[PDB]
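**Q** I'd like to ask some things about the structure below.
2 protein chains.
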Amino acid sequence: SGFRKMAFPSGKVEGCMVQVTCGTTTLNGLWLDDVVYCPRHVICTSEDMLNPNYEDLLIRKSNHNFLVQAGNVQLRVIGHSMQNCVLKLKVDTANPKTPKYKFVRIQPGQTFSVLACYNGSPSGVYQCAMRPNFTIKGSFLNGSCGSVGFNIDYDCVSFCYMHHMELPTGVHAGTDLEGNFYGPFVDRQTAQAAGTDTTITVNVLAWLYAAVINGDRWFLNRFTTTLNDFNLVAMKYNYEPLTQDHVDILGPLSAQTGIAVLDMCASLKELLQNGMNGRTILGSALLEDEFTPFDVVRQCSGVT
Amino acid sequence: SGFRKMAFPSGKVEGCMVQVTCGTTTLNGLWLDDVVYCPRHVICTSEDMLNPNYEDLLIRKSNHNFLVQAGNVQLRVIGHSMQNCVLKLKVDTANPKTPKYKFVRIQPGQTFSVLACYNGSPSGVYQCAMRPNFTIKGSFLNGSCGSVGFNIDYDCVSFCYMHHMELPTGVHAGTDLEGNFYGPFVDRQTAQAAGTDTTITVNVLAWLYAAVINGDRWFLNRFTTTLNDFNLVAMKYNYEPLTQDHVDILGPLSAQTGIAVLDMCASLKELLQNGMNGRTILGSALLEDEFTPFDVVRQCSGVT
Ligand SMILES: O=C(Cc1cc(Cl)ccn1)Nc1cncc2ccccc12
Ligand SMILES: O=C(Cc1cc(Cl)ccn1)Nc1cncc2ccccc12
């Protein structure tokens, strides 16, 4: 029992972290097989970041200008290429610690673990969700760029995020491992609208099921609702509309607790309309949306 | 910017995890150098757990009864001994992945990362605090015993906790790496009083400084207080009394923000007396006490 904001064990990803330096800029890179992946803004100076012409900037750089260090040893760069907002530095040595991996583009509302790094050295690991507006509410400082987000299924690491930027609002933006930004963001030092965010309804419902599994049951009521009635409440409280696909993903949690999905929706409706009344659920005084239904079952069943 | 419940990267600890089986019981062990450390209740059957005579139970066991597996390879046990509530299984092979390590007994109110494991395989990592009453509010299922808590300083892992038991209340109890329980607990299946817990005042103050650093400032007020006046409030709200030693540990955060410790105490006093009024601080609707002053500076400065 107990429910924590649990991250995947980071060891497999720690073995892939390297430092990448170009000119006077240093950030993190991800070394998989014979390629190091890093944000393309490593080629910029502070004067370039206002509106960089990355193609022109990269043309002034040669393989020997990209300094890649894995711990204390230097990697030899034999090729470089820009793919969207990432650079791919081909090196002459395959990373001996390359785990089984995939590059995936996650959907908004899904979760992943972040291994925050500075100078190619891991500093910490935390779990977070990709917001519906494609930002992440991470914890990152200058030099964290190139830190990655991932999920792990047995021995396979699915990399889903590479950190690129902190928006003036203090929220974070980044790309998939092919260098495509999540959301409307561009790698420039300019104010950029993130757009209206919403609460991940399916995740709040999953977390309410996790609370019932772990003994926090005070919020259960004698009511039920419909998807239509619940979605009117969701609209008013800036929650994502619940669909049958979300109800289907909540199936296993519903069977475990014997609480029909629409009955749990009625509990969520009452919490939205009345608040918590100074009470807590799983050590929180707000409705938590950073746990997917898969996360709840994995944590409540013990997948390794 | 951003503030997360960040755990240490778990790689160095992942390399130490093994599975230990004795009879029909399997749990986790920690393999450091040529010794595997695990909870002594691995020698018990369910009939023994009501009140085990561990000395008698261990006398029936020989080196060959302790099955230790590191991934897919079997370790040869050449010695066994009980130290308090842990068994130390001497093996013929030093763990090649043994990091630089220390065994430390942490104080209540301090934090550490937990690498939750099942069958010697890591499942997840989370950060938590040792409660003032010596329990931990972890996330653990059957078979998690032997999972460890630790801190990392550059390349040295300081192991501070080994998971042993879930109390009937759903909270967790365990030992230091010499097998001494934190708190009054005994390794038996019996209801055991944990005793009155308190909120870790110095950690709440540290987290309020983290909020100011990250832009959440609505709770700052035009008031100040004294240690005496603040401690009357702390008494009423079941908070640990603040001492000059705690004020001294808050020094660096106080100098960073320019907010005197007693001025922040006045903000904490007002939050305790008035609540949050439906507002949040660093994504929380309650006062968070699982971040020490060291944690806040490490996260807000980027130590790797
Ligand atoms: O955002 C940037 C640099 C950069 C990259 C791009 Cl692609 C566009 C503009 N500027 N760096 C940072 C990332 N994450 C947290 C940071 C906290 C403080 C300072 C800097 C941080
Ligand atoms: O507590 C025990 C077993 C045990 C050990 C001792 Cl030392 C005394 C009594 N019983 N195991 C568990 C530990 N952590 C979370 C668990 C969640 C569910 C079931 C079992 C869990």
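So the sequence lines, in the order shown, correspond to chains A and A'. A prime marks a further copy of an entry chain. Quick note: the first sequence uses the authors' numbering, first residue 1, plus one each step. Quick note: the second sequence uses the authors' numbering, first residue 1, plus one each step. By construction, the Cβ of each residue, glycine as well, lies at the ideal position given by its N, Cα and C atoms.
For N203 of chain A, would you say it is in contact with chain A', using Cβ-to-Cβ distances shorter than 8 angstroms as the test?
**A** no
**Q** Can you find a CB in chain A' that lies within less than 8 angstroms of the CB of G283 of chain A?
**A** Answer yes: the Cβ-Cβ gap between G283 of chain A and chain A' drops below 8 angstroms somewhere.
**Q** Flag this pair as yes or no: are the beta carbons of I200 of chain A' and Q256 of chain A' separated by less than 8 angstroms?
**A** no
**Q** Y154 of chain A lies in the alpha helix (DSSP H); which residues open and close that run?
**A** Looking at the DSSP string, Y154 of chain A is not in any alpha helix (DSSP H), and its letter there is neither H nor E.
**Q** Mind pulling the chain A residues with CB within less than 9 angstroms of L286 of chain A'?
**A** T280, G283, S284, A285 and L286
**Q** Is any beta-carbon of chain A found at less than 8 angstroms from that of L115 of chain A'?
**A** yes
**Q** Around ligand 1, which residues pass a check of Cβ closer than 7 angstroms to any of its heavy atoms?
**A** A:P39, A:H41, A:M49, A:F140, A:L141, A:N142, A:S144, A:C145, A:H163, A:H164, A:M165, A:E166, A:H172, A:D187, A:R188, A:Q189 and A':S1
**Q** Spatial neighbours of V186 of chain A within its chain, please: C-beta separation below 8 angstroms, excluding the five flanking residues on both sides.
**A** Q192
**Q** For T304 of chain A', go through chain A and note every residue whose CB falls closer than 8 angstroms to its CB, in chain order.
**A** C117, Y118, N119, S121, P122 and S123
**Q** Quick one: list the residues of chain A neighbouring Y54 of chain A', beta-carbon separation under 8 angstroms, in chain order.
**A** Under the 8 angstroms cutoff, chain A gives no residues; its nearest Cβ is about 25 angstroms from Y54 of chain A'.
**Q** Whose C-beta lies closer than 8 angstroms to the C-beta of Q189 of chain A among residues of the same chain, with five residues either side of it excluded?
**A** Excluding sequence neighbours, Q189 of chain A sits near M49 and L50.
**Q** Closer than 8 angstroms by C-beta to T24 of chain A: which residues in its own chain qualify, once you throw out the five before and the five after it? Chain order, please.
**A** Sequence-distant Cβ neighbours of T24 of chain A in its own chain, meaning closer than 8 angstroms and more than five residues away, are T45.
**Q** Would you say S158 of chain A' reaches chain A, if we count a Cβ-Cβ gap shorter than 8 angstroms as a contact?
**A** no
**Q** Determine the DSSP secondary structure at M6 of chain A, reduced to helix, strand or coil.
**A** coil
**Q** With a threshold of 8 angstroms between beta carbons, is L208 of chain A in contact with chain A'?
**A** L208 of chain A does not count as touching chain A'.
**Q** For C85 of chain A, which residues in the same chain have their Cβ closer than 6 angstroms to its Cβ, ignoring the five residues on either side in sequence?
**A** Here the set comprises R40, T175, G179 and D187.
**Q** Just tell me which of A':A266, A':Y239, A':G170 and A':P252 has its CA closest to the CA of residue 306 of chain A'.
**A** In the structure displayed, chain A' extends from 1 to 304; residue 306 of chain A' sits before or after that span and is not available.
**Q** So within the segment 157-235 of chain A, which uninterrupted beta strand (DSSP E) runs reach at least 3 residues, ignoring any that extend past its ends?
**A** 172-175
**Q** Would you decide whether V73 of chain A is buried or exposed? Buried here means 16 or more other CB atoms lie within 10 Å of its CB.
**A** exposed
**Q** Please report the straight-line C-alpha distance between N274 of chain A and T225 of chain A, rounded to a whole angstrom.
**A** 16 angstroms
**Q** Measuring CB to CB, does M130 of chain A' end up less than 8 angstroms from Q110 of chain A'?
**A** yes
**Q** Measuring CB to CB, does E290 of chain A' end up less than 8 angstroms from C160 of chain A'?
**A** no
**Q** Give a yes or no on whether 8 angstroms exceeds the smallest Cβ distance from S1 of chain A to chain A'.
**A** yes
**Q** Report the residue ranges of all beta strand (DSSP E) runs contained in full by the segment 68-97 of chain A'; include only those spanning at least 3 residues, in chain order.
**A** 73-75, 77-83 and 86-91
**Q** Give me the DSSP bridge partner(s) of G11 of chain A.
**A** Per DSSP, none; premise fails for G11 of chain A.
**Q** Along the chain, where does the beta strand (DSSP E) that runs through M17 of chain A' open and close?
**A** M17 to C22
**Q** Against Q299 of chain A', what residues of chain A qualify as contacts under a CB-to-CB distance less than 8 angstroms, listed in chain order?
**A** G124 and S139
**Q** I'd like to know if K100 of chain A' contacts chain A, where contact means its C-beta is closer than 8 angstroms to some C-beta of that chain.
**A** So, not an interface residue.
**Q** Does any residue of chain A have a CB that is nearer than 8 angstroms to the CB of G215 of chain A'?
**A** yes
**Q** Take the Cβ of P168 of chain A as the centre, count every other Cβ of all protein chains shown within 10 Å, and call the residue buried at 16 or more, exposed below.
**A** Classification for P168 of chain A: exposed.
**Q** Roughly how many angstroms separate the alpha carbons of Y118 of chain A' and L27 of chain A', rounded to a whole number?
**A** 7 angstroms
**Q** Checking contacts by CB at 8 angstroms: is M165 of chain A' closer than that to chain A?
**A** no
**Q** In this structure, how does DSSP classify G251 of chain A when only helix, strand and coil are distinguished?
**A** helix
**Q** Which residue wins for smallest C-alpha separation from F294 of chain A, given the options A:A206, A:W218 and A:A266?
**A** A:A206
**Q** Counting beta carbon pairs with one atom in the segment 142-157 of chain A and one in the segment 30-40 of chain A', are three or more of them shorter than 8 angstroms?
**A** They do not touch, by the three-pair rule.
**Q** Within the continuous beta strand (DSSP E) that includes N65 of chain A, where are the two ends?
**A** Under the DSSP assignment, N65 of chain A falls outside any beta strand (DSSP E); it carries neither an H nor an E label.
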